[PDB]
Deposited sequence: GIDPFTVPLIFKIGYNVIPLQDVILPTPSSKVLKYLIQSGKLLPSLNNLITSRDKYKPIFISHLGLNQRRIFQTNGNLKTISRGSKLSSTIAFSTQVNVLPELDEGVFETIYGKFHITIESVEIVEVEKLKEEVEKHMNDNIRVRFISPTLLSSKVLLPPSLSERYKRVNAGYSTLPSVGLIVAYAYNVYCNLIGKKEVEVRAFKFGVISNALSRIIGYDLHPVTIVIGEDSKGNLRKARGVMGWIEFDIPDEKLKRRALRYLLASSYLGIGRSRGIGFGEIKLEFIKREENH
């Protein structure tokens, strides 16, 4: 039976530390060297006071001994330990805050609770969605030279199209560009936007920079069948993140349902 794991870590530096860029490198180092988990993967930036530490670009961030940093790792389809770990960035006490295991089928069931609820998507970390996902695939060649970049104001259609793609990979089915496109186009046509607070952000992936979006958007899809699909897909993205560079912590979303 295929599953999604979402582990919440507490990460406490035992000495004053300078976090790497991106700050997800700390836990990535651990995982790579086989020290944290044996290895559709998401490794968050380290967070503090409900803000992720990502570099847009000033000086590097100092964290004092004892600060409670948090992290999330998420992946599909593995036993997990904690304790004091040594790293090139310093020594860290890593304990587990939470463990969520969701069966892909149980996602469909939670959708039903929210059929009459509005949808709030929050971009908790800068999110990088490519606009061309809503280009009709038959025109890919024609516009091959066009560099649209990442959307700094993504439409509901683009968001859910990205979610549908993540969902397909999650359930192990090949994503189909045409279904994604059609789904997003129709969603842009029919969605109702209730409110939003969006803004551009420029982030560091010498330096290589990218421009995406952060903030939140609240909306509804007033077609039962289309809403049911969107909720399912969004729910999956809420575990694995969305858009480019999720494995490094970008595209972190939090999904909220407003009664």
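Against the full deposited sequence, the model leaves out several stretches, namely 1 to 6, 46 to 57, 96 to 100, 229 to 234, 289 to 293.
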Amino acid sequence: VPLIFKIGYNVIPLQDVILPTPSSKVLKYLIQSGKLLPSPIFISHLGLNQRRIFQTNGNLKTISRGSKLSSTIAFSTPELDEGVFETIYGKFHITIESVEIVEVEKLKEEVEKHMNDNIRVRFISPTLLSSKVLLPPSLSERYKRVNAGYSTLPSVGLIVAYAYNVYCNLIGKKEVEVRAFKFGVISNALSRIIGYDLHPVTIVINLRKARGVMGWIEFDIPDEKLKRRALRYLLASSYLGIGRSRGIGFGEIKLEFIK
From here on, numbers count along this sequence of modelled residues.
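The stretch with the higher mean CA B factor, choosing between 57 to 65 and 225 to 233, is 57 to 65.
Looking at 13 to 21 and 235 to 243 together, the entry lists the larger mean B-factor for 13 to 21, computed on C-alpha atoms. Between the residues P154, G172, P126, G184, it is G172 that shows the highest Cα B-factor in the PDB record.
Going by the entry's values, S33 shows the largest Cα B-factor out of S191, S44, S33, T202. When all modelled residues of the chain are sorted by CA temperature factor, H114 is found within the middle third. The entry lists a Cα temperature factor for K132 that places it in the lowest third of the chain's modelled residues. When all modelled residues of the chain are sorted by CA temperature factor, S71 is found within the middle third. In this PDB entry, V178 carries a Cα temperature factor that places it within the middle third of its chain's modelled residues. In the PDB entry, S98 places in the middle third of its chain by CA B-factor.
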